[PDB]
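First the structure, in the form of structure tokens, and then the observations on it.
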Amino acid sequence: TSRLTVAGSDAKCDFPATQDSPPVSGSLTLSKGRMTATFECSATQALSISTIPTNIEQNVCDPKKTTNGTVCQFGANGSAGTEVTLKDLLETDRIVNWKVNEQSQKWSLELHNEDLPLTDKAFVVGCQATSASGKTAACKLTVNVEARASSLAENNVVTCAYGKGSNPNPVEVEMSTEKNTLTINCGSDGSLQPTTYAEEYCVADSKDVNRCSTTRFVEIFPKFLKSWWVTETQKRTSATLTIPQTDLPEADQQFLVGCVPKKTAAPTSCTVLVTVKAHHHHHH
Ligand SMILES: [Zn+2]
Ligand SMILES: [Zn+2]
Ligand SMILES: [Zn+2]
Ligand SMILES: [Zn+2]
Ligand SMILES: [Zn+2]
Ligand SMILES: [Zn+2]
Ligand SMILES: [Zn+2]
Ligand SMILES: [Zn+2]
């Protein structure tokens, strides 16, 4: 016998059955503002509980990774893909793991903003209780992790993401004398748009990088040179435009670039709508 309870981002599995049974299954979602999941597994005195994967403090299951490394087993028959680390599933830099609560086992997973992926992710963890050749029951928990939002940071650095909820609107960016640079980071999941960004932009009227009509940058910046763009050379997924401060246009112009999911979780594109303000002192 198995029982799963879920309220917000806290899940509890509780384990004398009529017959045997598939894993009791449920889900929860982590995102900005709901960054901590908890998982508890408890059983009556005669049952031993294990987790799936066997070490939850090191690994989670990727149901998408089936051809593999080590398989995530539920019961004698069941499978939920393969063991991955969270940092690998999330494609992020910081080591992130479920943590045992020290003080009926319970675990906590706390994401930080920097842990939020560029694309929508899901993983699976579970508990299995074995009777004293013994009978099992299990709970299966799917945790969906929503992609970070595409965003603008100081010094006009754009972080693009591609999740279902990542791109409600274009990211609006101002350039002017005091703010004469633009950096676009597509990450390894994305590609700079237009592909010809070193010479061209997308006409801004579409407000959507997915509807990109290319036009030459010289048409709006008469002094434009290709050298105004520098691309990260090992990383061709980031580039920075620097308009020399005396070379800003004499009238306001607007252009669009961005990041599209790479020509191959990632349903949306990142549109960056740039307004170039002539005769503008942002801080004064
Ligand atoms: Zn942190
Ligand atoms: Zn921090
Ligand atoms: Zn990826
Ligand atoms: Zn062209
Ligand atoms: Zn002027
Ligand atoms: Zn100024
Ligand atoms: Zn301004
Ligand atoms: Zn400022």
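In this chain, numbering begins with 1 at the start of the sequence shown.
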Hey, could you give me each pair passing salt bridge (charged side-chain N to carboxylate O under 4.0 Å, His left out) that has a residue in residues 262-284? Not counting sequence neighbours.
-> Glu174-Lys277

Which residue pairs pass the salt bridge (charged side-chain N to carboxylate O under 4.0 Å, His left out) test with at least one member in residues 17-40, sequence neighbours excluded?
-> none

Sequence neighbours left out, what passes side chain to side chain contact (heavy atoms under 4.5 Å, CB included) with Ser50? Give chain and number order.
-> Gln128

Output yes when a side-chain donor or acceptor of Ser25 lies under 3.5 Å from a complementary backbone atom of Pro23, and no otherwise.
-> yes

Which residues share a side chain to side chain contact (heavy atoms under 4.5 Å, CB included) with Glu154, sequence neighbours left out | none

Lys121 side chain to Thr119 side chain, donor-acceptor N/O pair below 3.5 angstrom = yes

Only pairs at least two apart or in different chains count here, so list each disulfide bond (SG atoms under 2.5 Å apart) that has a residue in residues 235-277.
-> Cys160-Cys270, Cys186-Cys259

Residue pairs involving residues 57-85 (criterion salt bridge (charged side-chain N to carboxylate O under 4.0 Å, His left out); sequence neighbours excluded) = none

Is any side-chain heavy atom of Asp247 closer than 4.5 Å to a side-chain heavy atom of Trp228?
-> yes

ring-ring contact (aromatic ring centres under 6.0 Å, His included) against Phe74, all qualifying residues, sequence neighbours excluded | none

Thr196: partners by side chain to side chain contact (heavy atoms under 4.5 Å, CB included), with sequence neighbours left out | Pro194, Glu200, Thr214

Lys135, NZ: over 12 other non-hydrogen atoms inside 6.0 angstrom | no

Can you list every disulfide bond (SG atoms under 2.5 Å apart) pair that touches residues 90-134, not counting sequence neighbours?
-> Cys41-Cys127

Might you confirm whether atom NZ of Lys207 has over 12 heavy atoms from other residues, nucleotides or ligands at distances under 6.0 Å?
-> yes

Apart from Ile49 itself, which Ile, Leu, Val, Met, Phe, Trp or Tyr residues share its cluster (side-chain heavy atoms under 4.5 Å, direct or through members)?
-> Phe15, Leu47

Who passes ring-ring contact (aromatic ring centres under 6.0 Å, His included) against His280, sequence neighbours left out?
-> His282

Go through the structure and list residues passing side chain to side chain contact (heavy atoms under 4.5 Å, CB included) with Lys235, not counting sequence neighbours.
-> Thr237

When you measure from the side chain of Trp107 to the backbone N and O of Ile56, does any donor-acceptor pair fall under 3.5 Å?
-> no

Would you say the side-chain atoms of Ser108 and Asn101 include a donor-acceptor pair closer than 3.5 Å?
-> yes

